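Student: Handing you this structure, nothing more for now.
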Amino acid sequence: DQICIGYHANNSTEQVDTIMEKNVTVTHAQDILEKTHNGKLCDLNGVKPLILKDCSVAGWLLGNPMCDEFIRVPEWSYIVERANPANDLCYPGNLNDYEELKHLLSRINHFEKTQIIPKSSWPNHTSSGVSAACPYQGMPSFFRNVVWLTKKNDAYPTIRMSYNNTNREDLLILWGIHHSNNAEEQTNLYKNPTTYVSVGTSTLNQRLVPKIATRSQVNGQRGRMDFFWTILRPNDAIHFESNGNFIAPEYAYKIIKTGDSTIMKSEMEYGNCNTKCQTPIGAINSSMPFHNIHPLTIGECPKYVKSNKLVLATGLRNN
Amino acid sequence: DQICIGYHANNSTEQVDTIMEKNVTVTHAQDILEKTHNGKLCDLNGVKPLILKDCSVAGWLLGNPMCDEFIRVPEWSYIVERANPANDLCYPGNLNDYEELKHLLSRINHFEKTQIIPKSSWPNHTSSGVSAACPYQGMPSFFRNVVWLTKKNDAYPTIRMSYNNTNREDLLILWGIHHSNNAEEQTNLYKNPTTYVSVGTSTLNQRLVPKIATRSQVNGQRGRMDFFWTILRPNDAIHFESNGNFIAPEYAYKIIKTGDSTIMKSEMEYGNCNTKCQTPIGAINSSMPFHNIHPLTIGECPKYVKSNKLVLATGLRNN
Amino acid sequence: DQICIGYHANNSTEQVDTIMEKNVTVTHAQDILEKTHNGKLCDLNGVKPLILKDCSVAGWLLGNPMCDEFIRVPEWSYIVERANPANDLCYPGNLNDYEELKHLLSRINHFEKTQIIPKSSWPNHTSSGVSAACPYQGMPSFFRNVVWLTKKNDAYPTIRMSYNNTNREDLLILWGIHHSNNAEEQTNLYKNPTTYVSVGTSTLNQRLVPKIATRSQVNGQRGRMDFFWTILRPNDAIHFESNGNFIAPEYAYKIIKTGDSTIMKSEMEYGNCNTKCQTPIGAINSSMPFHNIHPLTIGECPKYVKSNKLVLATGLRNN
Amino acid sequence: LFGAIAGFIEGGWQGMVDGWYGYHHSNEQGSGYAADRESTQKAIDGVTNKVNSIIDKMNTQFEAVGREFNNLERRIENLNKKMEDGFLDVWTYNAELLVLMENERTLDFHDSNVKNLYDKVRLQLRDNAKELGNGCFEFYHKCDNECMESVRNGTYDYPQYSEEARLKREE
Amino acid sequence: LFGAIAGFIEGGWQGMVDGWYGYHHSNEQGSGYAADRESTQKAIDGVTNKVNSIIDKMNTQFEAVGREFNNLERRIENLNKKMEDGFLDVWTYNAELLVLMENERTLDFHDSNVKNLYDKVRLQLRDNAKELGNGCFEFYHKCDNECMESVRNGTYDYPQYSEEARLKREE
Amino acid sequence: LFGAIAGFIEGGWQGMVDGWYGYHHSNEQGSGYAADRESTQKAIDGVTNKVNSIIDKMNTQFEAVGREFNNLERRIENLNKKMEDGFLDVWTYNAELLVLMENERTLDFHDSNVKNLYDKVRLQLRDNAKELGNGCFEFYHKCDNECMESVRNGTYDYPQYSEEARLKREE
Ligand SMILES: *[C@@H]1O[C@H](CO)[C@@H](O[C@@H]2O[C@H](CO)[C@@H](O)[C@H](O)[C@H]2NC(C)=O)[C@H](O)[C@H]1NC(C)=O
Ligand SMILES: *[C@@H]1O[C@H](CO)[C@@H](O[C@@H]2O[C@H](CO)[C@@H](O)[C@H](O)[C@H]2NC(C)=O)[C@H](O)[C@H]1NC(C)=O
Ligand SMILES: *[C@@H]1O[C@H](CO)[C@@H](O[C@@H]2O[C@H](CO)[C@@H](O)[C@H](O)[C@H]2NC(C)=O)[C@H](O)[C@H]1NC(C)=O
Ligand SMILES: *[C@@H]1O[C@H](CO)[C@@H](O)[C@H](O)[C@H]1NC(C)=O
Ligand SMILES: *[C@@H]1O[C@H](CO)[C@@H](O)[C@H](O)[C@H]1NC(C)=O
Ligand SMILES: *[C@@H]1O[C@H](CO)[C@@H](O)[C@H](O)[C@H]1NC(C)=O
Ligand SMILES: *[C@@H]1O[C@H](CO)[C@@H](O)[C@H](O)[C@H]1NC(C)=O
Ligand SMILES: *[C@@H]1O[C@H](CO)[C@@H](O)[C@H](O)[C@H]1NC(C)=O
Ligand SMILES: *[C@@H]1O[C@H](CO)[C@@H](O)[C@H](O)[C@H]1NC(C)=O
């Protein structure tokens, strides 16, 4: 005539670990580590990313003629740049403070480009400059947002001109200077032999001067172009003054939406999917509190850990 | 006839938390989180802070006319700067390497200002330069520690002069250059049209040149002034040489005590209190080991945590 | 008639600590903190470090004449530099981007120096330049890897010359410019009064210009030399062009092994020992999992902690 | 360890599906299993609260932001990567270690609950039954299914059965 | 958990003001409360030592310094913030988590001390008394206030009262 | 705390060299010590497993790289130093604290193992012996050396001696 005290046991194979004992079968575990992704780049709450396949950020912003898909990009959630894009600064040189620009660009969700200085605005200069370093459909071309001013009637009269930001929004403005190869090229393209480019705003006080010297050949060019950018704030104005080697703005970007984003370096392609959690190597549909997929997350996401397995015991030791 | 084993219970409502159960009434708790401040800025072991009210560090250091209260500041414990002070570089421009200078200042407790180059020292130049950008009592004025040298008898003979640091301590020396607006202003103020400022010590080898170009109007001025600073070490000398646009030192700062401090950004006012622990939003009179008040502490202080509550159970579960 | 249950006790004095009780004698402890070093600098898996006793990295790489011990260095495991070496830039000046160069150096294990531009290569210039700032055997001398070009037959014809990296490896190339003291020295050493040094590769586009001004005396010299460096990639070329004040390369360094190393600041001397774990203050022969010796370890090493004591209890409380 | 689970109770019961802990009875009207609802509910309450505690407590963690540096910024590039790697190594130590420690404490929690149930029945029965030391109590009287249900829901009247148990201890 | 506090001892005593654990006696000369000086001092020692341990171990923590960066230094400004915020998130995880864990262990410490006291007198009394299983021992003989004081200060002579209890268990 | 080690067993045995826990017997053919190897091997297994766990868990830690900054880079020099110092303060908190906590739990592990051995013998013998409450069982019959070895290796036949023990509890 008997009564006993006992506890649950079942078929469960769920193992958990402890400091004293590893590989301990229990009756009721709970996994808290998400370890699977869909290997694709998706929307982010139904907002498609800007994927610059084969065009770098510099090539996009300056308007590489091979980057024509990005003439009028719509609002994005994040930006996807490849590891070594082909179309980036066709004419060799530098986009100065590039990394700071990418960091600025990661807090911007929508540009609307606008024509601040039309080519129509250079009556006394030639604005048809074109380079073999920038092919478009087999013929030489040039950056689309920026104008190569050269001499006209064998004169380069000094430019003194300003643009006043009448728009509500901040303006991202890019301009540049061209480093010629020797005195004779310098005189062929602009009449004046010693030149300068002066740029002034309320904060900016730049003087650029061509470095006329012999360099290595890059994209078939020993000449170089150094590009610079600034954020012209609303009601402020920018003052350009040059007598040669000036590469003038034509198009600038209105910063119209300024939320949350990142520039994600993935070699992957669009997946036509949607997600609440994107990583460089794929997205995540999960309500686990952790994942081990990739550290450079964006969106409402679990917390990245390096573990291969995380299971919490909820039940008893089972056999 | 009976004897029983039992434990304490009392009126206490003190709750503590655990991983398994929250809100567990116990007989004896102990709070270890300080959550109270006095909302005012105090002395620090009886040493009053330097509170630049409407003057920024640059303004104070260069000697902006509105910041005339800090002509000869006494030893401080910490420095309080506002978020957007009004009196800062009346004549527009830049204090170069400003952030590094503020970081150097956060480890200095006492300056003694000293006249290294009196206005008496410019027999062949005009030293009465003055600007509407720097009003003082309704009339145009200029930085007090730094001298705007201009032409005299329609000449700006080239300056060649040096100062040898005879003092026993380091000297903080500020000087500057002035960017004029066009060739004719450049000739009006200095006769020579193309000028330079050369500064040399044992470590420094600077050449500054005016960038004469049109900029935006700031404080009613399109001209600009770029200021620079260095730490002249004892027995070293500084060598200035200019033929225009030089804005010379008159006063320098002897760094006489070099202890521990910070530059605290607070909009608050002096409290006539004393404390051993100051934060931007108020001071702390507490022997708790933690607080949640503000992370940017100074003085003998608890350790900042973000928690809202921290109580250690010391007694038993109570009912 | 009796039987009892009991537990081990012994002579052990091993104490361990807990949150509740400190200094608790136990029967079986285990120390896991290594607290001993041999106070010497050793090989690292039988590879001797590079110890630049008294010569700095700049002095070594440029070839200070007091650094002749390091003309042709063998492969190293790590580099040991003293806190304040005496032989470093005998002619005063700067090695620009020095810190980035040292950071590049701590990931290089073997240089092979090579003569890219022999002194034989300057038919129209004087290449025997020499300074009292750089004594060697009581007579004035100069950096061994770098050539002070001066005028010849009272002419400094403008230099136009290039070097093409034919070697398999990256090349570390150093060159420099010389800042003279006044117009008269400038004409004495080079005939041309206003000069420049232009450097171009596929990435580099440098124009240097002498700052002719009065400076403080350093190593008996008011003149200065600013040195620069670059990594010439294989099959790329470097293009120098000067008409004065150029300090040309003669020797460059082939980067031939590119593993893992560090630059360790130790005042210590070689110990003829070997180790698998080196620290600034001595090496480590230990299979403990922790040490408290020094944080700036190199090699397969325990993990640095600040603790004075770490003992794990393995047995029972003993009396 | 409280020596009950896998201790003096040398195994679990495949047959008790209603809960984590409980009773198995056998009298002359047959046998059966019955989960102890209150000590099972307390344990599932405390364990889901512990799981929610761990998840809520690692809510504010570290997110690695992507930053980029050029060829002459390698020092702070290296600083940035060692910083992000350090914070993630730290937080994965924290996660793995907390999981290990509270797994140990959860297993021992279950153990304690089982021993406390065995004891709460022991205290009711005293010498009315015989502790077999295997987790069972061999009664000394006639415990029909109402009597068993009393033992379970805690309402076991010790006086009522004293005398007859009193005799078969003697005899 | 050791099943004593809020377990087989179903409640604390408002009446025991002198200490954390102790005894309540009732004989024919009346009744009273007496704390156990020893076990109570042992616990207050270990718990103030644990509190001092927790405070002293968070002596070397992280101190946030104010640094400032300009408009073209936003990368390292962001680096700086992520670093300081990371270290503060880390140390507040550490603080809150340590407090939670050692709160659980402090409550269970008290529990263990209580069970060990109950046991320590159970071992003295054996069959001289009857464990009611509510935390009390119903004696089988006459325990005046000095017999009680013996039970308290541990000096309870089991032989002396065997005989008399021997009968009142029988009968 | 499980109240066994330094509790109701007020001291260890210098004489038991073979193991951590075990038995000391005394019958009329003499006396001796015998380690209980099964519960000793279980404990040495679990404790070397815990030590290896603690070492393996701090495999991926933080290594400080040497970086250098010039006179106008003092901001990021200070940032670098606060970052490396922060990570080392963090990891030494982690190490010291983990050692303290699992030292506490290792001592209590040993305690629990001892109490579980005492209980495992108690359950075998019941009223065939008398618990002195000092860790010893004073038998009620004559346990020669084979009786003792049975008690040790767990094979103690309770029926065989009941009658005889039944009598001196009797008398
Ligand atoms: C940029 O253009 C705007 C367009 O008018 C100017 O805005 C005016 O500024 C004056 C100041 O002289 C104000 O009194 C007016 O209220 C503004 N006009 C309007 C319609 O809002 C602005 O001054 C220009 N800035 C520069 C630097 O050229
Ligand atoms: C600054 O002046 C001091 C003296 O006032 C100079 O120091 C002297 O240097 C001379 C050699 O030139 C020696 O007699 C001593 O070493 C110094 N004398 C004293 C009394 O200290 C110093 O050289 C000057 N510095 C410069 C850059 O000119
Ligand atoms: C440096 O010299 C080498 C000479 O070998 C040049 O490399 C040759 O490049 C041509 C293209 O012009 C190719 O046909 C070959 O692949 C290369 N030759 C060999 C033997 O490999 C290189 O272009 C020169 N670089 C510069 C900047 O002048
Ligand atoms: C634990 O179990 C996993 C499951 O396959 C196995 O791969 C691993 O080797 C086991 N390790 C130990 C120490 O038991
Ligand atoms: C430049 O354009 C202006 C206005 O269209 C005109 O007056 C002038 O003739 C042109 N040529 C020069 C060299 O100024
Ligand atoms: C715990 O107590 C606080 C006290 O106000 C209450 O706000 C909170 O909701 C309680 N939490 C839970 C989970 O019961
Ligand atoms: C100023 O000029 C006069 C006349 O040229 C000269 O005698 C005097 O020395 C000069 N003063 C300075 C400071 O050089
Ligand atoms: C622990 O023992 C060491 C041994 O020297 C002693 O220095 C220390 O003060 C002791 N601390 C405590 C709290 O007993
Ligand atoms: C020196 O210059 C002359 C004229 O340009 C040139 O012919 C000669 O080759 C150069 N050096 C020599 C002697 O090779």
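Naming works like this for the structure tokens: A, B, ... for the chains as they're shown, residue 1 at the start of each chain, ligands 1 onward in shown order.
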Residues at most 10 Å from ligand 8, using only C-alpha atoms and all ligand atoms? Could they come as a PDB file with N, CA and C atoms, in the first residue's frame?

Tutor:
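Output file selection_13.pdb follows:
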```pdb
ATOM      1  N   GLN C  15      44.901  29.403   1.103  1.00  0.00           N
ATOM      2  CA  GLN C  15      43.694  30.191   1.293  1.00  0.00           C
ATOM      3  C   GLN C  15      43.069  30.566  -0.048  1.00  0.00           C
ATOM      4  N   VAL C  16      41.740  30.653  -0.059  1.00  0.00           N
ATOM      5  CA  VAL C  16      40.978  31.175  -1.185  1.00  0.00           C
ATOM      6  C   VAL C  16      39.978  32.180  -0.632  1.00  0.00           C
ATOM      7  N   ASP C  17      39.337  32.914  -1.533  1.00  0.00           N
ATOM      8  CA  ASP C  17      38.374  33.928  -1.135  1.00  0.00           C
ATOM      9  C   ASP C  17      37.017  33.647  -1.766  1.00  0.00           C
ATOM     10  N   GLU C  21      33.267  35.290   2.621  1.00  0.00           N
ATOM     11  CA  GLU C  21      34.359  35.051   3.552  1.00  0.00           C
ATOM     12  C   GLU C  21      35.685  35.113   2.817  1.00  0.00           C
ATOM     13  N   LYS C  22      36.630  35.864   3.374  1.00  0.00           N
ATOM     14  CA  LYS C  22      37.981  35.965   2.844  1.00  0.00           C
ATOM     15  C   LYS C  22      38.936  35.133   3.686  1.00  0.00           C
ATOM     16  N   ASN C  23      40.094  34.832   3.104  1.00  0.00           N
ATOM     17  CA  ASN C  23      41.173  34.128   3.797  1.00  0.00           C
ATOM     18  C   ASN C  23      40.664  32.804   4.380  1.00  0.00           C
ATOM     19  N   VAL C  24      40.147  31.957   3.488  1.00  0.00           N
ATOM     20  CA  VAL C  24      39.518  30.685   3.849  1.00  0.00           C
ATOM     21  C   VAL C  24      40.472  29.558   3.479  1.00  0.00           C
TER      22      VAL C  24
ATOM     23  N   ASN E  49      29.970  41.401   5.156  1.00  0.00           N
ATOM     24  CA  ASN E  49      31.163  41.111   4.367  1.00  0.00           C
ATOM     25  C   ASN E  49      30.831  41.011   2.883  1.00  0.00           C
TER      26      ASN E  49
END
```

Student: As a ChimeraX atom specification, please: the residues near region 142-156 of chain D (cut-off 7 Å, only C-alpha atoms, same-chain neighbours under 4 positions excluded).

Tutor: /A:1 /D:27,124

Student: If you run DSSP on the backbone, which residues of chain D are strand (DSSP E), as a list in words?

Tutor: residues 21, 22, 23, 24, 25, 26, 27, 30, 31, 32, 33, 34, 35, 129, 130, 131, 136, 137, 138 and 139 of chain D

Student: I'd like the contact shell of residue 34 (chain D) - 7 Å cut-off, only C-alpha atoms, skipping same-chain residues fewer than 4 positions apart - returned as a PyMOL selection string.

Tutor: chain D and resi 16+22-24

Student: How would the residues just chosen look if you wrote them out with N, CA and C atoms as a tab-separated table (two decimals), in the first residue's frame?

Tutor:
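Below is the file result.tsv, written as the result:
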```
chain	number	residue	atom	x	y	z
D	16	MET	N	4.12	10.52	-15.91
D	16	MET	CA	3.48	11.72	-15.35
D	16	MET	C	3.55	12.85	-16.37
D	22	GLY	N	5.28	15.32	-8.89
D	22	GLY	CA	4.00	14.81	-8.42
D	22	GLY	C	4.14	13.46	-7.74
D	23	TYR	N	3.01	12.75	-7.70
D	23	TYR	CA	2.84	11.54	-6.91
D	23	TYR	C	2.47	10.36	-7.81
D	24	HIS	N	2.88	9.17	-7.37
D	24	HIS	CA	2.41	7.91	-7.94
D	24	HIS	C	1.91	7.03	-6.81
```

Student: For the structure I just gave you, how does DSSP split region 31-270 of chain A - specifically, which residues are helix (DSSP H, G or I)? Reply as a ChimeraX atom specification.

Tutor: /A:57-62,65-70,98-107,119-121,183-189

Student: Could you tell me which residues of chain C sit within 7 Å of chain F when counting only C-alpha atoms, and give me the result as a PyMOL selection string?

Tutor: chain C and resi 1-10+17-19+99+289+295-296+303+305-307+310+312-314+316-319

Student: Got time to write the residues from that selection, N, CA, C and O atoms, as a tab-separated table (two decimals), in the first residue's frame?

Tutor:
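Written file, selection.tsv:
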```
chain	number	residue	atom	x	y	z
C	1	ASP	N	29.85	-0.28	18.70
C	1	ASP	CA	29.99	-0.60	17.28
C	1	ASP	C	29.53	0.60	16.44
C	1	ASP	O	28.37	0.99	16.51
C	2	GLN	N	30.43	1.17	15.63
C	2	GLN	CA	30.17	2.49	15.06
C	2	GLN	C	30.67	2.59	13.62
C	2	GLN	O	31.64	1.93	13.23
C	3	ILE	N	30.01	3.45	12.84
C	3	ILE	CA	30.52	3.86	11.53
C	3	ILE	C	30.18	5.33	11.30
C	3	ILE	O	29.06	5.77	11.58
C	4	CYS	N	31.13	6.10	10.78
C	4	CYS	CA	30.98	7.54	10.63
C	4	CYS	C	31.26	7.98	9.20
C	4	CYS	O	32.00	7.33	8.47
C	5	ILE	N	30.66	9.12	8.85
C	5	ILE	CA	30.91	9.80	7.58
C	5	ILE	C	31.78	11.02	7.86
C	5	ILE	O	31.48	11.82	8.76
C	6	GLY	N	32.85	11.19	7.09
C	6	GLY	CA	33.74	12.32	7.26
C	6	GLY	C	34.41	12.71	5.96
C	6	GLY	O	34.16	12.13	4.90
C	7	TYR	N	35.30	13.70	6.06
C	7	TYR	CA	35.93	14.28	4.89
C	7	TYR	C	37.41	14.58	5.15
C	7	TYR	O	37.87	14.58	6.30
C	8	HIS	N	38.13	14.83	4.06
C	8	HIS	CA	39.57	15.06	4.08
C	8	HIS	C	39.94	16.29	4.91
C	8	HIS	O	39.21	17.28	4.97
C	9	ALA	N	41.10	16.21	5.56
C	9	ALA	CA	41.81	17.36	6.09
C	9	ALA	C	43.30	17.07	5.99
C	9	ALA	O	43.72	15.91	5.97
C	10	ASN	N	44.11	18.13	5.91
C	10	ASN	CA	45.55	17.95	5.77
C	10	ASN	C	46.28	19.20	6.25
C	10	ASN	O	45.67	20.11	6.84
C	17	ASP	N	39.34	32.91	-1.53
C	17	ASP	CA	38.37	33.93	-1.14
C	17	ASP	C	37.02	33.65	-1.77
C	17	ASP	O	36.90	32.94	-2.77
C	18	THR	N	35.99	34.23	-1.16
C	18	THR	CA	34.61	34.13	-1.62
C	18	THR	C	33.97	35.49	-1.38
C	18	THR	O	34.58	36.39	-0.79
C	19	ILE	N	32.72	35.65	-1.82
C	19	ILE	CA	32.07	36.93	-1.59
C	19	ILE	C	31.73	37.11	-0.11
C	19	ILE	O	31.76	38.23	0.41
C	99	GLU	N	53.94	58.40	-36.95
C	99	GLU	CA	53.20	57.42	-36.16
C	99	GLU	C	52.56	56.37	-37.06
C	99	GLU	O	52.56	55.18	-36.74
C	289	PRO	N	46.90	30.52	-16.94
C	289	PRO	CA	46.01	31.21	-17.89
C	289	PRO	C	45.97	32.72	-17.72
C	289	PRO	O	45.40	33.40	-18.59
C	295	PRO	N	50.62	44.72	-19.64
C	295	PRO	CA	49.56	44.55	-20.65
C	295	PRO	C	50.07	44.42	-22.09
C	295	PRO	O	49.39	43.78	-22.90
C	296	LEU	N	51.24	44.97	-22.43
C	296	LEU	CA	51.65	45.04	-23.84
C	296	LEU	C	52.53	43.83	-24.18
C	296	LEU	O	53.71	43.92	-24.51
C	303	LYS	N	46.53	35.84	-20.36
C	303	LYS	CA	45.73	37.04	-20.52
C	303	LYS	C	45.99	37.98	-19.36
C	303	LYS	O	45.95	37.57	-18.20
C	305	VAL	N	45.64	40.47	-16.45
C	305	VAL	CA	44.70	41.01	-15.49
C	305	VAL	C	45.49	41.80	-14.45
C	305	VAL	O	46.69	41.60	-14.26
C	306	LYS	N	44.79	42.71	-13.77
C	306	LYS	CA	45.41	43.59	-12.79
C	306	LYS	C	45.51	42.96	-11.41
C	306	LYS	O	46.17	43.54	-10.53
C	307	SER	N	44.88	41.81	-11.20
C	307	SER	CA	44.84	41.16	-9.89
C	307	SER	C	46.23	40.92	-9.34
C	307	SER	O	47.20	40.71	-10.08
C	310	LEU	N	44.89	35.31	-7.71
C	310	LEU	CA	43.78	34.54	-8.29
C	310	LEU	C	44.00	33.07	-7.97
C	310	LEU	O	44.78	32.40	-8.65
C	312	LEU	N	41.80	29.43	-7.39
C	312	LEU	CA	40.56	28.67	-7.44
C	312	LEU	C	40.59	27.58	-6.38
C	312	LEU	O	41.52	26.77	-6.33
C	313	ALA	N	39.56	27.53	-5.53
C	313	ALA	CA	39.40	26.40	-4.63
C	313	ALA	C	39.04	25.15	-5.42
C	313	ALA	O	38.14	25.18	-6.27
C	314	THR	N	39.77	24.06	-5.17
C	314	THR	CA	39.39	22.75	-5.69
C	314	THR	C	39.01	21.75	-4.60
C	314	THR	O	38.33	20.77	-4.91
C	316	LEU	N	38.22	21.16	-0.02
C	316	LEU	CA	37.26	21.46	1.03
C	316	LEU	C	37.86	22.44	2.02
C	316	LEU	O	39.07	22.61	2.10
C	317	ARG	N	36.98	23.07	2.81
C	317	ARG	CA	37.47	23.87	3.92
C	317	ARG	C	38.21	22.97	4.90
C	317	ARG	O	37.75	21.87	5.23
C	318	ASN	N	39.37	23.43	5.36
C	318	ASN	CA	40.31	22.60	6.12
C	318	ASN	C	40.50	23.24	7.49
C	318	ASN	O	41.24	24.21	7.63
C	319	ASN	N	39.82	22.67	8.49
C	319	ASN	CA	39.83	23.18	9.86
C	319	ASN	C	39.23	24.59	9.89
C	319	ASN	O	38.28	24.88	9.16
```

Student: For each of E:57, E:81, E:133, E:30, take the minimum atom-to-atom distance to chain D, counting only C-alpha atoms, then give the residue where this is smallest.

Tutor: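 When distances to chain D are compared using only C-alpha atoms, the smallest one comes from E:133.
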
Student: Could you list, as a count of residues only, all protein and nucleic acid residues with an atom at most 10 Å from ligand 1, counting only C-alpha atoms and all ligand atoms?

Tutor: 18

Student: Taking only C-alpha atoms and all ligand atoms and a cut-off of 12 Å, can you tell me which residues surround ligand 5, written as JSON, numbers by chain?

Tutor: {"A": [120, 121, 122, 123, 124, 125, 151, 152, 153, 154, 155, 156, 157, 158, 159, 160, 243]}

Student: What does the structure give for the distance between CA of residue 69 (chain C) and CA of residue 50 (chain C), in Å to one decimal?

Tutor: 11.1 Å
